[PDB]
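Read the structure below first, then the notes.
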Ligand SMILES: [Mn+2]
């Protein structure tokens, strides 16, 4: 009876899914419907050259299919999937992602570490109480993000190759009695080396609050509470918002370093994380200590909650700037079961491309922009192959379902032949619409047109926020653009 949305993130240790329903009032809020975690362990499926092995590909695809079936179970539809360090850093990442889409329909789109921090920071904001000056450390299996901001959003973000999986493999544990201490000591030195040039950006100042997210930080809080006399985090509901001190953090690591690995699996609260936990806890202590932290709060919110906020922000921001007639287009598309985020992004990019063409001296009729907006919103309505007149809606439908071969053949009855100027208009506006659809082929909502310039008889389009799938999609669907506007080279 209300919008249901699915977002998921693919990390280095595990993958995480969130399905939620928007809250009424278009206030950018959501109600949680369901959550899932997947032990993908890509960081353990990376060969010596940094490539994801076929085993990781099998494990990735399986995760995204679990995700794909659950979204349907909740009427959520499409799943937006972002990918971080393992896929970001794998030389074969793109090929793995392209293969996974073919097998699952879902594409793990890589984002930079910096966007990971910003989105992660928003997700924490949904879970805990932030103040005027906050530093977040997000330790995953692959990387460590540092994020500083205030009560609403991230300001400065740093991503470092200090992930837990990465550091465990980088500092192999010896067999001495003190082999554990030596590992913890060595990991702590690497942290200082890489963090030293930037730590001031994230160093504690009077009143600063420190926060931790993700499974290692969550795991540390559970073990610390059970050592303070508390019950396991499953009891007490969850671990969200628990505080512990740097001294308590220091005390937990010392116990682990003295134990051998099989006994680490038997520490209360660390039962499912024994293999990387020594290095992960060395990472947390050194960075917090290097920042001057004395006490932290753990957040169960992370990357996926931020994705949810951002998509709602994108959709609802789009909705405000549309006319009542255009607002009725989005609802109709909604009644057709279309993806509004995809529809909104394609329409925004279409306007972006239309406007640059207009600025460059292209001539278009007055209602052209209106028709393109609606067909961009309607381009994925399967039923049709509220405020618009009948020539215009036939134009829109013909723009929305354009093909070089017209579905009804020209001698065949019911062939709909618009006037010559309208035939020409359909082709020009349809050519614009294909490039924009290609630019959000990956459904990231992240693409933007930066610069579109004439280059001889053609055009050169500079875009940001594009995935390899988006860039190849634009290459594939601009054939009509080429017939009407000339060769297009896309860059960056
Ligand atoms: Mn589409």
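In PDB author numbering, the protein residues as written are -1 to 383, 402 to 508.
The beta carbon of each residue, even a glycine, is placed where N, CA and C say it ideally should be.
Beta-carbon gap between residue i and residue j smaller than 9 Å
i, j, result
"residue 40", "residue 75", "no"
"residue 380", "residue 296", "no"
"residue 289", "residue 221", "no"
"residue 300", "residue 7", "yes"
"residue 107", "residue 452", "no"
"residue 328", "residue 109", "no"
"residue 247", "residue 225", "no"
"residue 330", "residue 411", "no"
"residue 382", "residue 417", "yes"
"residue 403", "residue 326", "yes"
"residue 141", "residue 83", "yes"
"residue 276", "residue 138", "no"
"residue 454", "residue 491", "yes"
"residue 126", "residue 136", "no"
"residue 223", "residue 242", "yes"
"residue 211", "residue 286", "no"
"residue 143", "residue 118", "yes"
"residue 17", "residue 69", "yes"
"residue 62", "residue 51", "no"
"residue 311", "residue 345", "no"
heavy atom of ligand 1 below 8 Å from residue i C-beta
i, result
"residue 377", "yes"
"residue 76", "no"
"residue 340", "yes"
"residue 383", "no"
"residue 344", "yes"
"residue 273", "no"
"residue 453", "yes"
DSSP state of residue i mapped onto helix, strand, coil
i, result
"residue 35", "strand"
"residue 473", "coil"
"residue 119", "helix"
"residue 81", "strand"
"residue 128", "coil"
"residue 224", "helix"
"residue 499", "helix"
"residue 211", "strand"
"residue 277", "helix"
"residue 28", "strand"
"residue 219", "helix"
"residue 251", "helix"
"residue 376", "helix"
"residue 44", "strand"
"residue 177", "helix"
"residue 152", "strand"
"residue 188", "helix"
"residue 114", "helix"
"residue 288", "helix"
"residue 193", "helix"
"residue 361", "coil"
"residue 229", "coil"
"residue 561", "The chain is shown from -1 up to 508; residue 561 falls before or after that span and cannot be answered."
"residue 399", "Residue 399 cannot be placed in this structure, since the chain goes from 383 to 402 without the numbers between."
"residue 182", "helix"
"residue 270", "coil"
"residue 283", "helix"
"residue 366", "helix"
"residue 371", "helix"
For residue i: DSSP bridge partner residues
i, result
"residue 166", "In DSSP, residue 166 forms no bridge with anything."
"residue 243", "293"
"residue 143", "136, 157"
"residue 506", "477"
"residue 467", "478"
"residue 108", "81"
Residue range of the unbroken alpha helix (DSSP H) whose run includes residue i
i, result
"residue 315", "301 to 318"
"residue 490", "484 to 493"
"residue 3", "Premise fails: residue 3 lies in the beta strand (DSSP E), 2 to 8, not in any alpha helix (DSSP H)."
"residue 385", "Position 383 is followed directly by 402 in the chain, which means residue 385 is not present among the coordinates."
"residue 448", "436 to 455"
"residue 350", "338 to 357"
"residue 323", "322 to 333"
"residue 93", "91 to 102"
"residue 197", "197 to 200"
"residue 234", "Counting along the chain, residue 234 falls outside any alpha helix (DSSP H), and DSSP gives it neither H nor E."
"residue 259", "259 to 262"
Range of the contiguous beta strand (DSSP E) that encloses residue i
i, result
"residue 53", "Careful: residue 53 lies outside any beta strand (DSSP E), inside the alpha helix (DSSP H) at 52 to 71."
"residue 17", "13 to 20"
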